[PDB]
Amino acid sequence: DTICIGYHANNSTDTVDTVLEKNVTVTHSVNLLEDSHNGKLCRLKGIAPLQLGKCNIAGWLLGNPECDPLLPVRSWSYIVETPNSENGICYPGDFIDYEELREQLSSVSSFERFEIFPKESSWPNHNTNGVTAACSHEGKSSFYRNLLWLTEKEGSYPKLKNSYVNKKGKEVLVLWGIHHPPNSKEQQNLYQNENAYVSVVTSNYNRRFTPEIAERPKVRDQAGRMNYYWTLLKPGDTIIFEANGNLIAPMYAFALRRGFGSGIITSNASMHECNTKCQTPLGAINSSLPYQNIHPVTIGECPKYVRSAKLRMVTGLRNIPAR
Amino acid sequence: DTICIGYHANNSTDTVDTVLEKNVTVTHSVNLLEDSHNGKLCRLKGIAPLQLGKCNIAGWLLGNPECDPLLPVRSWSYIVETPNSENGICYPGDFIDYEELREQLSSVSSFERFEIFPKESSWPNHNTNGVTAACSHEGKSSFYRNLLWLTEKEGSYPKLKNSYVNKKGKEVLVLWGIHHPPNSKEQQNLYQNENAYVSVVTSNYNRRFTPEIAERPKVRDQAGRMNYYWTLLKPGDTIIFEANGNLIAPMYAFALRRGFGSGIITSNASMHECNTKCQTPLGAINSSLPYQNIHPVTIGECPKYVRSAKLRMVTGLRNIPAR
Amino acid sequence: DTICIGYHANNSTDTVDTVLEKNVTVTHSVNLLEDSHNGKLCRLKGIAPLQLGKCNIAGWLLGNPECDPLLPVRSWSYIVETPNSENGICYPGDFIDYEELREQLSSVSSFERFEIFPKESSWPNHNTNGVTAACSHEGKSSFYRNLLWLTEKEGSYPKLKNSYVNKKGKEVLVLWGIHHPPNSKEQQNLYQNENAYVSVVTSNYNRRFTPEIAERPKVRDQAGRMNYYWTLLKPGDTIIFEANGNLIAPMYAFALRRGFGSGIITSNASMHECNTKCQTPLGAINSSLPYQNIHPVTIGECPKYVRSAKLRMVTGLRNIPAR
Amino acid sequence: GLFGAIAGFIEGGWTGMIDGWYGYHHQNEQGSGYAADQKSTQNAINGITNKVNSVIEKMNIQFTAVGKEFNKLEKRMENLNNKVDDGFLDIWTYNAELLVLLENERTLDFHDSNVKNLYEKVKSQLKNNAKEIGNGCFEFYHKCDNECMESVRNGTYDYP
Amino acid sequence: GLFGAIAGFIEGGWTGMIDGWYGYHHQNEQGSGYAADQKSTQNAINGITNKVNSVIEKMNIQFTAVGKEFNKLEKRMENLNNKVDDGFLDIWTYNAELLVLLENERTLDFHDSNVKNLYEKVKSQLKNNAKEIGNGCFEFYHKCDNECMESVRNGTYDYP
Amino acid sequence: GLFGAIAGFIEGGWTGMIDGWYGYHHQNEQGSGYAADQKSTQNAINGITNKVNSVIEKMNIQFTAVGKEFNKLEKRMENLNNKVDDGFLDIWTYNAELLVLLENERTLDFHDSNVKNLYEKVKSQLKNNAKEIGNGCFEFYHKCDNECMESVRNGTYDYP
Ligand SMILES: CC(=O)N[C@@H]1[C@@H](O)[C@H](O)[C@@H](CO)O[C@H]1O
Ligand SMILES: CC(=O)N[C@@H]1[C@@H](O)[C@H](O)[C@@H](CO)O[C@H]1O
Ligand SMILES: CC(=O)N[C@@H]1[C@@H](O)[C@H](O)[C@@H](CO)O[C@H]1O
C-alpha cells in the first residue's frame, strides 16, 4: 500500500515569462492584455459621434459650402476627422487661434446654431450677396453659410455698428472674418473707404483690425486673403461689431453646452450601428482587462495603452504531463 | 522536560494588505502615510506668508485702493489668495501677460516699493488728479496707488518723455497702463490729441501703444478700457516713457529680490502664529513619513502626495493569539 | 569516507545592497551603471557636429561677421554652443520667435546657403552699402553676411517689390530685418519716407511691419533697433517683399534638409577626431549598460540617465571565505 | 523550483488529477485513483485570485486621452507634449511588463511551496507507519483501507 | 505560510513571549518560562529596519509644488499641465501601494522562514536525545538542567 | 539566508572549489579534493543570466534628449518643462535603484535555495548508508571509493 503526494498537470500549452526563465508552459493562466476590437466607429453609450467626413473643424464651424450635411447636427459623443478632411477654410487666410478653438470644441457636448445677425434685417445699408469661386457649391460661386460678406451699396459703405445681447443662458461662440484685398483699387471698389477698420468688443474681448493691402501669391486662385477670428460671448454679455469696411460679418453663431469625455480623433474606420464604452481610431473595445496594445488614443473608459506584445499572468503551475 | 520553539503574539489589531491576502492582523507595523494636518496657515521657517485676502496679485501690484493694508508688506515665505480674492483690476481692461507676472512673483522673496516717478515733480505740464468711480475708496472716486492718470492741462497735453535709471542693484518691476476712451470726444477732452501714442522702451523692451477708440459694453459702469502692461528693468538699465496722451503712468515700482521655495496658493484656512516646514492649502504638516494624502499643493519640505487611503508596512508577524 | 556539500567563495571585494542588508560582499556581480566618458566631443556615426564656438544660432543664421568661419559648413550630426557663445545679433533688437527657430534647426541635418536676392541685380534703385559699427569686422564697420541694409539712393527710396519662387524642392528658411530709427530725422535721411512700411507674404505667411520711432537707451552704442524675422517657404511657393523703407533685406537663404537624432547642446569640451554612438556635453560614451549618471543631455543611442551613484546586481553568492 | 518539490523530488504532474492543483493517489488493493486536497488547492486559489485582482485593480481605467494639434510656431510645445506622452508610455509599459514577470516567478514558487508543505504535512503523520520511496510517495508498513487512505487526506491519522 | 512554520506546524503564537519575535519554552523540574532568542530576533530586527528605512529613503522629500494659472486662450497648455500632474500622481500612487503590498508579503514570509530555521537549528542540535512531539516542541530523553536548556537556546549543547 | 543553507547549517564557502557555485568536497583514502556540481551551477547560471538580461532589456536605449530654450515671457512653459524632466528623472532613479535592491535580495535567496535543495538531494540518496555530521557533510558507513563518490554526484547511488 502506498500514498503519493503530487500536483495537477494537463494538455495546456499556454506560456508565460518569469525573471529566471522565458516561455514556461503552465496549466492555467490569464491574459491581461486586450488586443481585439471591431474595426468600426461606434456610438458611445448610445450617442453617435459627429463625423466631419471630408470636412475639418474650420469647414464645419465657418460653414464651408461643402459641409452642408453637418449643419443640422446638434449633439455628439465625440468628434471624428478623417485623413481626407481637407475642406476647411475655402478663402485663403489665417484662422487665428484655430488650435485653441478645436480644444474648446472637444469639451462641447452640443450646441444650437442660430442667426445672430439675420441677413435680411441686419445690414440695411450694405450689400450682402458677396460671393467667391473659392467657396463654390454646385459648380457655382458661393460663400460660408455662417458668415456674410458685406460690401458697398450704391457706391457707398456706411459705418456699421451692430450688437447682439447673449440671452441664450450659455456661452455663444461668435466667428467672423476680415477681408484683405490685394490692391487699393479693389479695396476702393469693394468698401469705398481707403483706410477702413473693424472693431469687435465684448465685456472681456477687445480687438481692432486694419486691412493690410499687398500683392500676394494666389491660393485657390485668390491673391486676396481672409483672416478668421472668434471669441466666446459670456451669458448676458454683449458683443459689438463696428466697421467701415473689410468685415466678413457673423450670420450664425453657436450657443454651446459643455460636457465631459469628448474629444477629436482621426480615423478612417466606418461608423456602424454598434454601441461601446471604449472607442479608439482603429475600432471599439469591449473588455475588462487592465491593458490594451491597440491604440493610445481612447474615448470613454478604456484599458491602459501599453507597447507590450504580451502580458500573461500565470495562475496554475508549471505544466509537466510527463508522457 | 520539553523545550518548544515558537513565535511572538499579542493583542494588536493592526492590519495590512499583502498580494495573496487582505486585512492580515499583525503584531507590529508602521504607518507610512501622513493623513494629519494642522487647518491653519503657518509661518514657514519663521517667515509669514503674504495674505492677499480679498485682493489678488493684480489688485496688489497695481495698488487697487481696497488693498492698501498690503502696501507696507515687504517680505513673505509664500503667497496666499482666497476663494474671495475678487479685488483685482478696478478699471475694466486687459492685463497683458498676467499669468507670467504671477509666475514671476512666485520666486520673489521680498521687494521694496519705491517712487519711480514722484507725483510732484515728474509731470510739470500735465494734470495728475485723474480719478475714477470704478476705483473708489470710502465711497469716493479714487485711483490705483501705484499708477497716475495723466490728463490735459489748460487745454494742452504736451508730448512728455520721462526716464528712470535703475540704480537699485536689482530687477525693478515697472507697471503702467494705456487708457482707451469710448469715443473721439473723450479722447480730445482728456488728451487734446486725437492721434496719440505711448512708447515704453528699455535696453531689452520695445513697445508702442495706440488708442483704439470705440463704444463698448459698460463694465463696472465704464465703456472705457484700460490695458495694463509691465516689464522687468535690469540693474543699471534705463526705461523711457514717451507719450502725447492715454498714458496711465507708473508712480511706484518694485525692486525685487529672488528666493527659492515660494509659490502662490489658494486657501480659505486661517493664518495663526504657528511655524512649519511644510504647508498645504488645508493646513500645515509636521511629519517624517514618506507619503501624505492631504493635498497635492505643498510649500516647503513635504511628504509625497498620493491618492492612497492607507499605506501600512508590516514589521512584526502574523498575529495568532491562539485564544 | 566523507562527502560534503558546499558553495563557492573567493577573494572578491564586490559589494551590493539589498532590502534587508547593505554592503554585502559577493563572489560575482555586474555593474549596470555607466559612469565613464571620453571627456571629448566626437563625430556621431562618422559625422562631425557644428561647433558655433563664440557664436550662437542667431549669429550663425544672420551672418554675424564674427561667425564667418561657419559660412561654409553644410552638414552636421548635432549643434554645439559654448558658455562663451556671445556673438549672436550684433545690432540691438528682438529676434522674433527665436526659440522656435532653434527648435527648427534642431531637426536639420544639412542645408545649402544660397543667394535668394543677389546684391548686384536685386535692388537697382537703392543703396546696399549700409554698414554699422555694431557689426564691425577687422576693426571696421560692417554688416551681416546674409542680409542687406537697403537705404535711399540719390535722395529717393522708391517702393520696392521683389519675389523669389522656391524651386529648391525643399523648405527654404528666409530671414530678414526691420530697422527702427531713434528719431524721424534719421528715418527720413535713411529712407526718405517718414511713414514707411514693410510687407512680407507667401501662400501661408502674411505680415506687415511699421517702423516705431523713439529715443532708446544705447545698446552696443546704438539707440536704434533692428528686429529680425523668419519664415519657412514651402517647396514651389513664392515669397514677396514689398516696402518703402526700413527693410533689412534677405541676401542669403537656406534650403533645409531634415534629419532625425540631432539637437543643440552646450559644452565646453573640445572636438577631437573620435567617433561615438553616444555624445553628452561632458564627453562621449561607449557602453552597453542600461544606465548612466554622467549627464541628462544626450545625443544618439545612450544609456538612461539616473541620479544613482551606484547600481550593481549580484550574480554570484554571498562571499564567505571563512579564512 | 525554489522549494524543490515541483519538478524537484516530485519529477512530474498528474494528468489524472482533475479536482485541484495538489492531491494524492491510492495504491491499496481496493483500487488506485487520485484525490485532490481541497484545503490546499482552495487556499492557493484564494491567494492567486487575490493576486490577479490586485494587479488589475491597481491599473484604474484610462479615461479619454486624445492627440492635440499645434500651429507651425508651436514646435517646442508640440515636442513637450510628445515627450510627456512617450515618457508616461515608457514607464507604464515597463511597470506592466516588470510586474507580470516578477509575480509569475512568485506564483510558481508559491505552488512549489504548497506541494512541499503538503508533502511534509503527510510525512510528519505517517512517521514510522511507512517509508518514503518514489519521492512524494510513502509505502505503508501496515497496509491500510481506502477509508484509511482518507484519514491521511483529511489530516487525521494520529499514529506513531 | 511559505515556509510552513508560522500558522503552520506551529498553529499559533505565544502571548507569553515579550522579549522578541522568536524564542522558546521549557518544561523542566525547576519550572517553566518563555525566553526569546536574541540572535534570530535581532537579525530579523536589523533586516526589517533596513527594509523600512530603504523604502522611506527612496522617497526623498517633496519640495514646493504649486498650481499655475492659464488665460482663456491657453486651454491646451492648461490641459497639458493637467495631464502631467495627473500622470505623475497616478504613477506614484501606484508605486507606493504596490511596493507596500509586495514587501508586506515578503516580510511575513521572512518571519516564517526565521522560525523554520530556528526550529531546525535546535532539531539538529538535540538529535537522538529527544523526540519531536506536538510540533515545535521537543521531549528530552535524558532530562536536562536550566543551565542546559540555555546551552540549547545558545547553540551550544554538547551530547548526541 | 531564507533557506538556511548558505551562512547557515553550512557555515562558510570553499575558496577551494573553482569549477562552480555549488559542489562537493570528497574525502577518500584515495585522496581529497573538490568537485563542482555542473547540473546545479549551470541552471543557476541560466537563471541569473536571464534575470540580468531582462533588467537590461526592459531599459531600451535612450535616444536624443536635449534642453529647450524659452524667452523671458515663457517662464510657465519653462517651469512645466522642468517639472516634466525632473518628474521622469525621479521615477527612473527610483525604479532603477528599487529594482536592483529587490532583485539582489531575491538572487541571494536563489543561491541559498539552490544549496539547500542540492543538499536535500544528496541526503535523500545517502538515506541510510551514512549519517549527517558537520552539516553539509556525510560520513559513509561502508566506506566508498572514488567511482562511488561520483555515483553520488551524478545523482545515482541507489542503495537503501
Ligand atoms: C528565444 C526565446 O525564448 N524566444 C522565443 C521567441 O523568439 C518566439 O517568437 C516565441 C514563440 O514562438 O517563443 C520564444 O521562446
Ligand atoms: C477647504 C474647502 O473645501 N473649501 C471650503 C470653501 O469652499 C468654503 O467657502 C469655506 C467656507 O467656510 O469652507 C472651506 O472648507
Ligand atoms: C549567549 C550567552 O548568553 N552566553 C552563554 C554562555 O555564557 C554560556 O557559557 C553558554 C553555555 O551555558 O551558553 C551561552 O548562551
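Note that ligands are numbered from 1 as they come in the structure, with each ligand's atoms numbered from 1 the same way. Throughout, a chain's letter reflects where its sequence line sits, starting with A, and its residues are numbered from 1.
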Hey, are D:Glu105 and F:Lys51 close enough for a salt bridge, meaning a charged N less than 4.0 Å from a carboxylate O? no
Less than 4.0 Å between a side-chain N and a carboxylate O, is that true for F:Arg106 and D:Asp109? yes
How about atom 4 (N) of ligand 2: does it have a protein heavy atom within less than 4.0 Å? yes
protein heavy-atom neighbour closest to atom 2 (C) of ligand 1 works out as A:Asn23 ND2, 4.2 Å
Sub-4.0 Å protein heavy atom next to atom 15 (O) of ligand 2: yes
In terms of side-chain geometry, is the basic nitrogen of B:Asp35 or B:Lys310 positioned less than 4.0 Å from the acidic oxygen of its partner? no
Per-atom contacts of ligand 2 with B:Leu282, taking only distances under 4.0 Å to non-hydrogen atoms: 1 (C)
I'd like to know if atom 10 (C) of ligand 3 has any protein heavy atom within a distance of less than 4.0 Å. yes
Does the N or O separation between E:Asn154 and ligand 3 drop below 3.5 Å for any pair? yes
For atom 1 (C) of ligand 2, closest protein heavy-atom neighbour: B:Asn268 ND2, 3.3 Å
Protein heavy atom under 4.0 angstrom of atom 7 (O) of ligand 3, is there one? no
Verify whether the ring centers belonging to B:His37 and B:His295 lie closer than 6.0 Å. no
Salt-bridge test for E:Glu150 and E:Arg153: reply yes if a basic N is under 4.0 Å from a carboxylate O, no otherwise. yes
From atom 12 (O) of ligand 3, work out which of E:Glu147, E:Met149, E:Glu150 has a heavy atom at the shortest distance. E:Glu147
For E:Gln62 and E:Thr64, indicate whether the former's side chain and the latter's backbone hold a donor-acceptor pair under 3.5 Å. no
Centroid-centroid distance, E:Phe138 to E:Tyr119, less than 6.0 Å: yes
